[PDB]
Amino acid sequence: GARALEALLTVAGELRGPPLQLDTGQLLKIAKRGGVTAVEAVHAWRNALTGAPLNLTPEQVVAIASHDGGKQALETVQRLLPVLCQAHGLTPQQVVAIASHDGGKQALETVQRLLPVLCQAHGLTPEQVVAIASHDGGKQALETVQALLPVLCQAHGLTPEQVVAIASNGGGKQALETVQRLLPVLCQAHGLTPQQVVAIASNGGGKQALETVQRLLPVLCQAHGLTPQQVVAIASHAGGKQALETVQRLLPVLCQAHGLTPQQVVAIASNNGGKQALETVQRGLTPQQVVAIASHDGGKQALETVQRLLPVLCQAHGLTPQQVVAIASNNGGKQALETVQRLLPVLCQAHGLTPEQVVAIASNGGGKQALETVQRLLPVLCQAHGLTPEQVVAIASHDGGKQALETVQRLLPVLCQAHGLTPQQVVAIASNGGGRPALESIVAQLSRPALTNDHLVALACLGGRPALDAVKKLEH
DNA sequence: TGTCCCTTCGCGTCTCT
DNA sequence: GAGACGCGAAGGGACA
């Protein structure tokens, strides 16, 4: 091709126009993963996708387009969404979720073909079939659940929920076959329980982790002194294979030359990217603190960010290492640190918050999301809904802050004016892990019915959604 | 150069209490 | 607070 690059840039240009009104980020996303033909398909069928009986939002179109075969997915969605919705009960969101993976077309056609038999003959729910279908290779996983769910239940004593958990990852077919093949030897030869085998298999690359566990468990227990419980824990994240091999190679070095305990090495290895974290730790602080930063998903990123920003954050923004470590010791530590850097001065000034408050927000999983959302929503929360900034901060200061805030904004009016809860109590329910589910559950029970309104709040604060659901099950 | 499938890394949120 | 859940991005291999 040559200087019909112009034609393609003109096509991308017209997608910025209406019905989709895409921005640069979205165009970039489609180009990077769906390729030019996905970009051309979106342009070609932008009207069909957006109206008719599909009625897709541009965000939904982007999600389908942004994978290998995206053009096939968009074509097939136009063909199958209505029948999947009307005849099989699924919602459009679910159809989009199936379609938003590489090979989306195949998954959608297989769900059409297999959902009935899987529900009727195998007893799955539509929800489970969607979860199986909603990954790359979903066709294969669905077909393998159909062929193997009986043997895995009858001969290997697994539950359908377990089989679904193994199936609901990319390479689900591979993990299910490997479980079928290796479950007996892993239990009988290495002393594992089915549950443990399941936990190792229930992640992406589970096949690889099971074969690695079969291959290295002996060495790691017999020659390096780890327990089977420890080996399993390492193996129970995606990438387990990698973490297991790196443990074998680095355990002697990290204990001999650097003085870490075996239990510290394991804890670092037992996260997604464990291999990465181990290598990075081998390459201000106490070793306890380095381990603590390393011991999360993305631990490598956190450590390299800490090494880069600890000096400036301490010197130019006045923080202590103890605070930097606390920001870094969560999932996405790197993201929180970077954000705190570009958001301490801004939040304190445009919105009048103290540093100590900013640290409390960023010292949780999802810090970047919490801060960025406090920046957006603090003004409307106080001025419109009448909240104190200290209240907004109590809600932001937990894992899932952005969720709890965005939900509070949505649900604060209907909780107070329509059901007589005080804002004092809604803040109390939002100020925990799982604030958003807790609020939703609360509104659902109240909108569409002995547990008076105050008992429901005491329950929602204490145990969130779990407490609320448990209460239903238990009901007399 | 697109389409399908599989694996790994990382980020974000919720459950268990 | 630790351990569990979900999901997107990105890269690799096979085949056309």
Side-chain angles (χ1 to χ4, degrees), chain A residues 1 28-29 32-38 40-41 62-63 66-73 75-76 97 100-107 110 131 134-141 144 165 168-175 178 199 202-209 212 233 236-243 267 270-277 280 292 295-302 305 326 329-336 338-339 363-370 372-373 398-404 406-407 432-438 440-441 462-467 469-470:
Chain A
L28 175 49
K29 184 183 166 187
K32 254 221 85 150
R33 193 44 176 233
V36 312
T37 77
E40 288 164 324
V62 170
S66 47
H67 311 279
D68 298 346
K71 186 215 180 156
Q72 304 314 311
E75 192 281 320
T76 304
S100 300
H101 305 281
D102 291 358
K105 160 182 196 185
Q106 304 299 321
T110 309
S134 292
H135 304 270
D136 297 342
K139 173 167 153 115
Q140 302 295 324
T144 313
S168 298
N169 303 285
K173 164 172 164 72
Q174 300 300 308
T178 309
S202 286
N203 302 293
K207 169 175 152 152
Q208 301 301 314
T212 304
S236 303
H237 305 269
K241 165 168 172 189
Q242 304 301 318
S270 301
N271 292 285
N272 290 0
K275 164 185 207 309
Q276 301 300 314
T280 308
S295 302
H296 300 272
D297 286 353
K300 167 208 165 115
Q301 300 297 321
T305 304
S329 321
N330 297 293
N331 270 17
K334 161 174 159 126
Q335 304 304 323
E338 290 176 351
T339 299
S363 309
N364 303 283
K368 171 160 122 90
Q369 294 325 306
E372 282 173 4
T373 297
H398 308 279
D399 290 22
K402 152 189 168 35
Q403 297 310 319
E406 287 178 7
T407 303
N432 294 300
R436 158 150 106 130
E440 284 177 354
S441 285
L462 203 100
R465 165 168 61 197
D469 276 300

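Quick note: numbers below take in every heavy atom, side chains included, and nothing from hydrogens, waters or symmetry partners. We name chains A, B, ... by the order of the sequence lines, and we start the count at 1 in each one.
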Starting at [atom1] of [X] and ending at [atom2] of [N], how long is that distance when rounded to a whole Å?
X: A:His398; N: C:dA2; atom1: NE2; atom2: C1'; result: 17 Å
X: A:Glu440; N: B:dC14; atom1: CD; atom2: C1'; result: 12 Å
X: A:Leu28; N: C:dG8; atom1: CG; atom2: P; result: 17 Å
X: A:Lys402; N: B:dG12; atom1: NZ; atom2: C1'; result: 10 Å
X: A:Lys173; N: B:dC4; atom1: NZ; atom2: P; result: 17 Å
X: A:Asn169; N: C:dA4; atom1: CG; atom2: P; result: 15 Å
X: A:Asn271; N: C:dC5; atom1: CG; atom2: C1'; result: 14 Å
X: A:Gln208; N: B:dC6; atom1: CD; atom2: P; result: 11 Å

Strictly below 4.0 Å, N to O, side chains only: are A:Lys71 and A:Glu75 in salt-bridge contact?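 Salt bridge between A:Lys71 and A:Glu75, a charged N being under 4.0 Å from a carboxylate O: no.
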Selection from [options] that lies nearest to any side-chain heavy atom of [X]:
X: A:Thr37; options: B:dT3, B:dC14, B:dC11; answer: B:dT3
X: A:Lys32; options: B:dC5, C:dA10, B:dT15; answer: C:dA10
X: A:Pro437; options: B:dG12, B:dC14, B:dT8; answer: B:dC14
X: A:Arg33; options: C:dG8, B:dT13, C:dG12; answer: C:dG12

Can you tell me if C:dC5 puckers north or south, using the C1'-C2'-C3'-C4' torsion sign?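 Positive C1'-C2'-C3'-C4' torsion, north pucker.
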State whether A:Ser236 places a side-chain N or O below 4.0 Å from either non-bridging phosphate oxygen (OP1 or OP2) of C:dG3.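 Answer no for this pair, as no side-chain N or O of A:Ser236 is under 4.0 Å from OP1 or OP2.
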Quick check on B:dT15: is either OP1 or OP2 less than 4.0 Å from any side-chain nitrogen or oxygen of A:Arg465?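 So the side chain of A:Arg465 is within the cut-off, an N or O lying under 4.0 Å from OP1 or OP2 of B:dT15.
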Heavy-atom pair of closest approach, residues A:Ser329 and A:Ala292: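 Shortest heavy-atom contact: CB-O, 3.9 Å.
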Ignoring hydrogens, what is the shortest heavy-atom contact between A:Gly367 and A:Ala336? Give both atom names and the distance.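 Smallest heavy-atom distance, with atoms named: CA-CB, 4.2 Å.
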Is any side-chain heavy atom of A:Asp102 closer than 4.5 Å to one of A:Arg33?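 Heavy-atom side-chain distance check passes, below 4.5 Å.
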Quick one: does A:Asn203's side chain have a donor or acceptor within less than 3.5 Å of a partner on A:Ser236's backbone?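 Present.
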Report the residue (A:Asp68 or A:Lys29) whose heavy-atom-nearest nucleotide on DNA chain C is the more 5′ of the two.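 Counting from the 5' end, the first nearest nucleotide belongs to A:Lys29.
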